[PDB]
Every structure is written in structure tokens, then in C-alpha cells.
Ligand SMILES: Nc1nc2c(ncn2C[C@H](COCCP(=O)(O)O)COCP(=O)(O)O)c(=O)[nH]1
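Only one chain is shown below, in C-alpha cells, and it's the form deposited without the ligand.
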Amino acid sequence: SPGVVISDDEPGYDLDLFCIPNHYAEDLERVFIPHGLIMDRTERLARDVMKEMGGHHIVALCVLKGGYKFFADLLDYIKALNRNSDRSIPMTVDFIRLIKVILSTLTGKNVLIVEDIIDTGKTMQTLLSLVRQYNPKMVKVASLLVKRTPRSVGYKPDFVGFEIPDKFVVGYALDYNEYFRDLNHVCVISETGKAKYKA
């Protein structure tokens, strides 16, 4: 499944239909993905991940790109799930940066690469090649968002939260020059916000 698909013909929810920090009132266009919807989808991703990767010890390799919300939410749901397991399930949580990756002894384990927004295919291919050099049991990729960029064909993640158009989105785990971290929803930024918070 390509996840929740949001077509190019979808502008997003009018801002007055949701609760948005007052200080961002003119800095956004529409709410594209309400926070609660992100949670609901992520809860399902957690289930899909455990079903396909519960076979061996899982190592969650979270690619740090500025945010932490998606990693925390996905992992929180995963843990809540393993909480009901009849047997104690060990799990490893690592955070890396990207290219060059920053003692990876993930040998004989199921590696789950986690990203907020999937990057180019060449970057993803390179990361997959690097990880496979450690002889993991398996390697899967989960991304909250996948953008349909007009450029080359992007990577196809194993677990996808939402497939969205090529829009400049902020919020949840997508800051803009360190602004919008307090915005819980994924929203489209306005020209006003773009200028106001430009580096």
C-alpha cells in the first residue's frame, strides 16, 4: 500500500476549521494533515511494522533531519503493542545522521530505517547499501511522508504514512528555520510565513 494518498487537487483544510497557534495565523495556507490523523495512521504503521518485522529483534534507525515527533510517535505505538506480548520483546532505538552515516552491530537483526519525509532515491539507495554491509536479517524503510516530486522517480518505502503533492509543508516534524515546531499539524506555508521566517 502507498499509504494515505492526498491528490494534487486537494488544497487542504481551511485554517479556521482547526486549532492553530495564533502567532502562525498568517504564516500558513491550509492544514494538510491534521495532527490526529497523523497519529491514527502512525498507529496502523506500527501494527504493519510489527507484523512484518516482529520475526527478529528490531533496530529502529531514525534518520535525524531536525524533528523527533514521528520517531517518538511511531516508537510509542510500537511499544504499546509489544506491551501485550506474552514474551518480552527486546528492541533497539538508534538515531543517525546523514553521504556518511553517524558500533553498528545490527547483524542478525531486522533493521527499520525511519524517516519523516523520504529523500531522493540515490540517497536512499546509498543508505541501504551502507546498512547491508553489516549483514542485517532484513532492512525495511518507513516514512511518514512521501512527496510526488516532478523530478526523477523517488524511492518506494515499505511503510508509508501519507503520499503528498510537491507542496512546501511545515509542522509536526518539519520546521522552517526552527519555526513551526510548536505547530502539531502538517500544513502548507504561506508566502508571508516564508518571508517572515526566512533565514
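Residue indices: 1-based, along the sequence shown. Each form is matched to the other, and the largest set of C-alpha atoms that superpose within 1.5 Å is called the rigid core.
In what follows, reference is made to the form deposited with the ligand bound, a form of this protein that is not presented.
Transferring the ligand from its position in the bound PDB entry by superimposing the surrounding C-alpha atoms places at least three ligand atoms within 2.4 angstroms of backbone or C-beta atoms of the displayed chain; the site is blocked. Taking the partner from elsewhere, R83 is found to have every heavy atom lying beyond 4.5 Å of the ligand in the bound PDB entry. Within this chain, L144 is remote from the site of the ligand in the bound PDB entry, having no heavy atom within 4.5 Å. In the bound PDB entry, the ligand lies farther than 4.5 Å from every heavy atom of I58. The ligand is not drawn, but in the bound PDB entry it has no heavy atom within 4.5 Å of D73. Only one of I33, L28, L174, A46 lies close to the ligand in the bound PDB entry, with a heavy atom inside 4.5 Å, and it is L174. Of the candidate stretches 50-58, 129-137, 35-43, 164-172, only 164-172 has residues whose heavy atoms lie within 4.5 Å of the ligand in the bound PDB entry. For the partner-free chain shown, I117, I118, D119, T120, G121, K122, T123 of 96-135 come within 4.5 angstroms of the ligand in the bound PDB entry, judged by any non-hydrogen atom.
Comparing the forms between this form and the one not shown, the C-alpha position of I89 differs by 2 angstroms or more, with the core used for superposition. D73: CA moves less than 2 Å between this form and the one not shown after rigid-core fitting. Relative to the superposed core, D119 undergoes a C-alpha shift of no less than 2 Å between this form and the one not shown. Shown here is a form in which the CA atoms of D119 and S7 lie at least 3 Å farther apart than they do in the bound PDB entry. Annotation for the pair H57/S85: C-alpha atoms recede from each other in the bound PDB entry, by 3 Å or more compared with this form.
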